[PDB]
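Okay, structure first, notes after.
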Amino acid sequence: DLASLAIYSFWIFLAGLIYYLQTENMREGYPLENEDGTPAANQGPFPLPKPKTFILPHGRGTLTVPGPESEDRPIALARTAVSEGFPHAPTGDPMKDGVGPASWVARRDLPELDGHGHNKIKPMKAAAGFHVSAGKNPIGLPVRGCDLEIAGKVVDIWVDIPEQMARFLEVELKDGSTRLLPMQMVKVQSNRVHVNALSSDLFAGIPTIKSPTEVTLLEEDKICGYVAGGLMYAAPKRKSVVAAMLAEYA
Amino acid sequence: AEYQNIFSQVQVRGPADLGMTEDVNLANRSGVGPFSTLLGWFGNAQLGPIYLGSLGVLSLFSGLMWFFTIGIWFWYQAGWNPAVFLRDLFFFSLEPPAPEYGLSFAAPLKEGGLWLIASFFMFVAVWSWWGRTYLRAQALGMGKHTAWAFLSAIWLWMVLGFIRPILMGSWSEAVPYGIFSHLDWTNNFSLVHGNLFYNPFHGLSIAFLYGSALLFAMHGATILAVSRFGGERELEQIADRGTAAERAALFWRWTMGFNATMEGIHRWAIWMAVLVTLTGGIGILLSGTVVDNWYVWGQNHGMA
Amino acid sequence: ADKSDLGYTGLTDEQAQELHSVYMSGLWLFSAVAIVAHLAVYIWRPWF
Amino acid sequence: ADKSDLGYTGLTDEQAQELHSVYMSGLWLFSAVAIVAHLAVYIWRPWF
Amino acid sequence: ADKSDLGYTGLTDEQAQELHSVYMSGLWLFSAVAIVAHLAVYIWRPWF
Amino acid sequence: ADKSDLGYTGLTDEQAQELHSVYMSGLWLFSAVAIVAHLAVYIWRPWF
Amino acid sequence: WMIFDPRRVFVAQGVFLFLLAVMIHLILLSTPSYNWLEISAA
Amino acid sequence: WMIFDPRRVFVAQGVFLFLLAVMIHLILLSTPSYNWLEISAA
Amino acid sequence: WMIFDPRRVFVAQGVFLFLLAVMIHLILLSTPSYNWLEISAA
Amino acid sequence: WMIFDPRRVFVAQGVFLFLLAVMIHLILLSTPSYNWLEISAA
Amino acid sequence: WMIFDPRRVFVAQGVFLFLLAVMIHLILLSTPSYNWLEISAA
Amino acid sequence: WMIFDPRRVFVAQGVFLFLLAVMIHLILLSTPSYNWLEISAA
Amino acid sequence: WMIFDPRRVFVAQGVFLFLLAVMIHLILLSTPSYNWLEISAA
Amino acid sequence: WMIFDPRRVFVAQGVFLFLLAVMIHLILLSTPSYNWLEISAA
Amino acid sequence: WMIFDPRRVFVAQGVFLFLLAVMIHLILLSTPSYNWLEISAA
Amino acid sequence: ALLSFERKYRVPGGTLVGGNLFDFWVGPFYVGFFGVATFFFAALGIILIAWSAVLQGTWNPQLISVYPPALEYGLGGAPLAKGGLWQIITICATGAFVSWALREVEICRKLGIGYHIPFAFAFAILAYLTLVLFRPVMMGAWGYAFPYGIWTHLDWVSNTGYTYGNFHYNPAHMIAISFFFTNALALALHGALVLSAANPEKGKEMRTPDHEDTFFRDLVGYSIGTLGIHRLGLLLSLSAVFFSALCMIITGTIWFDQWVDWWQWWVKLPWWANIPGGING
Ligand code: BCL
Ligand code: BCL
Ligand code: BCL
Ligand SMILES: CC[C@H]1c2cc3[nH]c4c(c3C)C(=O)[C@H](C(=O)OC)c4c3nc(cc4[nH]c(cc(n2)[C@@H]1C)c(C(C)=O)c4C)[C@@H](C)[C@@H]3CCC(=O)OC/C=C(\C)CCC[C@H](C)CCC[C@H](C)CCCC(C)C
Ligand SMILES: CC[C@H]1c2cc3[nH]c4c(c3C)C(=O)[C@H](C(=O)OC)c4c3nc(cc4[nH]c(cc(n2)[C@@H]1C)c(C(C)=O)c4C)[C@@H](C)[C@@H]3CCC(=O)OC/C=C(\C)CCC[C@H](C)CCC[C@H](C)CCCC(C)C
Ligand SMILES: [Fe+2]
């Protein structure tokens, strides 16, 4: 048709594009809030749109995103500097309130639903998935903490169907009160598991699941998030933990 | 035989779970393929089922017969022995009617032979398989975005042997057939049009292919990094922002200087895919009847 | 200690004995004194 | 603790408190000098 | 643990011991050092 | 353990026991090693 | 929401008109007619 | 109200004009007529 | 719902008067018959 | 008040002038007709 | 129901008068037979 | 009941009314046999 | 059975009868001899 | 301690004099016409 | 048990001779000299 | 600057030795212990494109040229602009890339995500550095490299890019495009994947993780999971870098001749050695 023609519909329309896209990327999180709960200093060169249609996956009603941004979940920090930019500091222990590394938020009590008529996640004792018949079978195995010390025995699996991949290692204590712990943070070398995230004297800090079967969405934030709690902090400052944090490969 | 429980990765197998039933069919889905548990403790291990009929036994069969059309022009030169066939499994070659016959299908089986048949069986091997990334995208009630990166993908296929070399009066302007043949054409459209560098359409067609290792070099790293929280389930993180959507919405803001959402990261991933072969769709749709040279196009618009 | 709503911070007088006492170090020595820096400029060398 | 529905702010009367200082008069002398420092240029040098 | 008002930290009385000894005399350990250091730079070598 | 004043830290007089041996004598013998080198470098052989 | 106040006019709106300056300046200072900076000697 | 300076005026706003001052000192020199220090030896 | 206004006229339609203003201004300056403003040289 | 006096006041003036002077040395090294030993060459 | 109505048939109705017009305005303004806005001399 | 009805009559209605017309408009406009609009002086 | 019926019947009439027609409409106009819309003139 | 002793000036100033000496080496060891260690054969 | 009585000798027996003939026929088929399908003509 | 849920994540540390000495948030941008270093490297290298401008003759980014050192000067340096300024941008840019890939680790120890992100820019330091530290280092000097520009190395990738004949002939390269065409094969889908969940046709429920085994199994037949496409999307884009370094670790230092002279060790076989056949015959 022409030598210089189609490009002047490319630097104009397709340049009206990173202005149409970056907003569809700056929805969740925005609008901007400061460090207490207050209309912020700005929003950006790509201002945020008012949310559109999001029909919910399991008839859960009406929620519009960008959605919850305000201060509903509990926050507590002891300020060391007042001007915006410098970090904050926990009041008590940083493993107590949940400020800094271990991150979560208050969600509504409903287990992730998929399809057939039951929750997304269940163990092997309930959802009789795959059993044990012939040969020697490694279900019921000892574990080691980040302090290089025995913690508990994992004796059951949490199975899956659509994605065929187990998710949790239910650590039952001697008390019988079960403690929960995610999947992409564990490494077993030989016969006994060795953890490097949480010591064997900090496992009750992660509270228990009130239902041994229900996997609600309020409770999938700390169980897989507290592992970060001892990834930032643990453990200052001298001695045997320095030979357990630095170096290494995997 | 039993099924092992290796030391924490982990896995438990899936039994007889097909999927959903609303608009698809399931009777043609005859048998769930035998599960190759290839120590499937990393990804998955599931085969079947799938959609069967004639919206399907046409792409395979036209793929086949297109696939069959170029391969016997590899056995044609061999000497009728299977030794030369794998020795030149690539050195053999095949093209359409001569640059002085072109549009004419009247080329015999001797010379400009087996290009009119493969492109005839290809033309029902990808225009009824784009009618299955667009139709099975409704087999339940979903969108069609899957065939909106496939309608700008068979668009670089809508110049190379369709729209250029048919209203240009030449089949030799359509691509040779096989493994080695078409590479004396990826270095033939290059000596000819004056080096396609100063051609910022093929050139900025490349500027949407060097960026799909700038969006996927980090996507398979970062969603493998937020996984220790629970953002691998990409259908409970968008509206119901998960705890892997607060281990990611700060990172790239702090780093390079802009974050996305869990609906947001799939909107730059396919705005660096629907424009790969589109700017090069326009970047082989303008390398023809405009200015034949791009060295004699790169001295008229580019410094002026 | 935690904070509340608009407009901490803010707010006073950590905005009046602080932010008022740090900001005007860029709206005078670069606003009015730059016109004294204009002195050796506003004729060297625009006029030929 | 934070805020409520659209908009807040808002709000009456909080709209004309933080959106009428460097936006109403902040873009008024910017327009004044856009006629003041333009009329001395209306004549030089569109004319030779 | 944190205090109340203006300002911290800090730190009365450290308006004339912390924010004037390594802050205003910094405009002396480099600004006044420039007075004697520049007396052999402005002529090397704008005047060749 | 930290103190109060300036520098503290400091840490008076850890401001004159560690800012002396490697701060002064480190940079004074970085001035007794750098100046001297020039005296075989200034003229060999920028002049050619 | 949508657009706030005290952050744009300090570092962003300061490079919104300066950006709009050099997209006007870099055009009218090179045409074979005007100049008014180089054309003042010869 | 709002905004920040005890963080933004110590090493964040003082070079905001170093964005605008030092980026236009470069253009004022390279010119083979203005110069002010470049062309005076020939 | 589904779309916006306090974001499509305060910052969108207000840039729809600058996006469309200058584009053809230099399309009718590239085509040499108007010019229209260059009264200096002549 | 705020900021840092026992921290970021002896380190905001050590990699800040070195990030405004010694990096600025490179542009007056970008001369090779001036230059403080290239005068022998030109 | 069907497709977006309070979303799809208003703000994207613009590109029906925007992108459609412009590309058909493309292969038209150039042809030395049309031009129409180049006619000046007579 | 195996496929759709609603979605075809608004968004997939264009691929039979426009794209069919627009990529066919180009070929009949070109051939120096019709013109209508390239007639001008004929 | 295996399959449903009465909803594909508005697209198997929609775009089907032209998926058979478009390719056959493109071979009879290529020959300069016939054309019928190009030759019924002189 | 005003600054850090066994942290900022036992090896970190060792990459301060080292960050200066060698970046200029490949300016003085270089240069098209100095060398006096390379050009001794030709 | 151990040997497929039902599984191998009906459905896998078909593809055994099938493959034992397919690309071995593609050896001495239409050879330069033999042929015996191109011969009984000229 | 911070998001609405960025009230809590704000915690110091992360950096290596010394303290929070460098770790201050400036804007949305993270300025950590590798922060005023990347401010140091950035405000030092943009003028390293403007240095080779007063000498070469081109200030414009069109044809700015800081050429690689001459092919024959040795293990030392070069002239000025033709290798010297080239050798100045050598530890300014490569000084910045890892003032940033271990400053990402100043955001990975700070929280507790997977250490897999400071790992994918690392292949960007395994195809670039297959051009400075690898090939130029051995066969003589830094002369076996390219000019820095945006265009200069283009007509360097073209004209001086047929020196091994026809490069499609290269088998390390071929298969460092065969991971560069499937690069975008598993993204044009994966990208449409999680848009059609929330927004189907209009008003229809959002989808769940079991409509992925009735679509992609309803597609090509394979379904390695929902996190099995962030582990076959990193099998797409990182590997177009070290099988490309492969035909830049074997190409010029071992086989500086044609690599179309490579596909004639497939016919030299005692089976079909003295007996040609197809095409060749
Ligand atoms: C516009 C310029 C040319 C062209 C430029 C190039 C260049 C450059 C390259 C190719 C390459 C390829 N091209 Mg091509 N190609 C064109 C456009 C096409 C189109 C199309 C129009 O839709 C198709 C179907 C193809 C087909 C192909 C593949 C066979 C091959 C690898 C692509 C890839 O990365 O997928 C990989 C993933 C897939 C799922 C595709 C499946 C194909 C298999 C997996 C790869 C084939 C490797 C080899 C030939 C097989 C040998 C097996 C032997 C028995 C040992 N090309 C046009 C005609 N194309 C690459 C190549 O290596 O060529 C041989 C290559 O570098
Ligand atoms: C001198 C060398 C020139 C040059 C010479 C050429 C030539 C010649 C060509 C290109 C083209 C292109 N160049 Mg170039 N190019 C140069 C520099 C580069 C560089 C670089 C060194 O940075 C790169 C990475 C590229 C690569 C590219 C691409 C951006 C572009 C083709 C896109 C494509 O292939 O997708 C194609 C993908 C598709 C069409 C999708 C497939 C759709 C089909 C219909 C579906 C069939 C799938 C099939 C069923 C699969 C079967 C699966 C089986 C079941 C296994 N060029 C230099 C400057 N380049 C090509 C182009 O088109 O220009 C824009 C082209 O012809
Ligand atoms: C005869 C022509 C040859 C050919 C000529 C060449 C030449 C010459 C080369 C290649 C190279 C490659 N070719 Mg080839 N190539 C051919 C045609 C093709 C086609 C095609 C479709 O036809 C394709 C897809 C390719 C693709 C490939 C890759 C396998 C390989 C480049 C790897 C890479 O980019 O990562 C590597 C990534 C990097 C080097 C980037 C490093 C990351 C850095 C750290 C980040 C930069 C940051 C930046 C400075 C800052 C900017 C950001 C802003 C601040 C915002 N070639 C034909 C067969 N090809 C290159 C190669 O193999 O060497 C490795 C190469 O030199
Ligand atoms: C196989 C690896 C693939 C890959 C992965 C990858 N790239 C990445 C990342 C990852 C994971 C990031 O996390 C980081 C990022 O921010 O995300 C986009 C990045 C990045 N990839 C970028 C670019 C890039 N990556 C490329 C390629 C690739 N990246 C590969 C395909 C390419 C091409 C096309 O080759 C480019 C141009 C940057 C946007 C960003 C790197 C951010 C960064 O590290 O910044 C540091 C730089 C400075 C502080 C500036 C100082 C440098 C000097 C001042 C000047 C430098 C001189 C030099 C010659 C520059 C010239 C550039 C061009 C003219 C060549
Ligand atoms: C945005 C540009 C990117 C892109 C996009 C893209 N590619 C796509 C798509 C999209 C949206 C699809 O929707 C479609 C797809 O379904 O992906 C899996 C596809 C696709 N892209 C593919 C490849 C591909 N991707 C490419 C690249 C790219 N595609 C870019 C990176 C290229 C290049 C570079 O040219 C190619 C060649 C395929 C994986 C797939 C195309 C699916 C298809 O059309 O196949 C139809 C099915 C057949 C032809 C079956 C026949 C099989 C053989 C032909 C017969 C021989 C085997 C047979 C089994 C004989 C044995 C006998 C038996 C009966 C026993
Ligand atoms: Fe993904």
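Here, residue 1 is simply the first one shown, and the rest follow in order.
So how was this one determined? The header says X-ray crystallography, 7.8 Å.
Heads up, the Cβ atoms here are built off N, Cα and C, so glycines get one too.
Now, the feature entries from Swiss-Prot:
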- C:1-26: topological domain 'Cytoplasmic' (TOPO_DOM)
- C:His20, C:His38: bacteriochlorophyll binding site (BINDING)
- C:27-44: transmembrane segment (TRANSMEM)
- C:45-48: topological domain 'Periplasmic' (TOPO_DOM)
Neighbour-count leader, CB within 10 A, binding-site residues: C:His20, C:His38: C:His20
Intrachain neighbours beyond the topological domain 'Periplasmic' (C:45-48), with Cβ under 8 angstroms and 6 or more residues off its ends: none
Chain residues in Cβ proximity to the topological domain 'Cytoplasmic' (C:1-26) (below 8 Å; excluding those fewer than six residues from its ends, i.e. six or more beyond): none
Secondary structure composition of the topological domain 'Periplasmic' (C:45-48) [DSSP: H/G/I, E/B, coil]: 0 helix, 0 strand, 4 coil
C:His20 (bacteriochlorophyll binding site) in three-state DSSP notation: helix
Composition by DSSP (helix, strand, coil) of residues within the topological domain 'Cytoplasmic' (C:1-26): 6 helix, 0 strand, 20 coil
DSSP-derived class (H/G/I helix, E/B strand, else coil) of C:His38 (bacteriochlorophyll binding site): coil
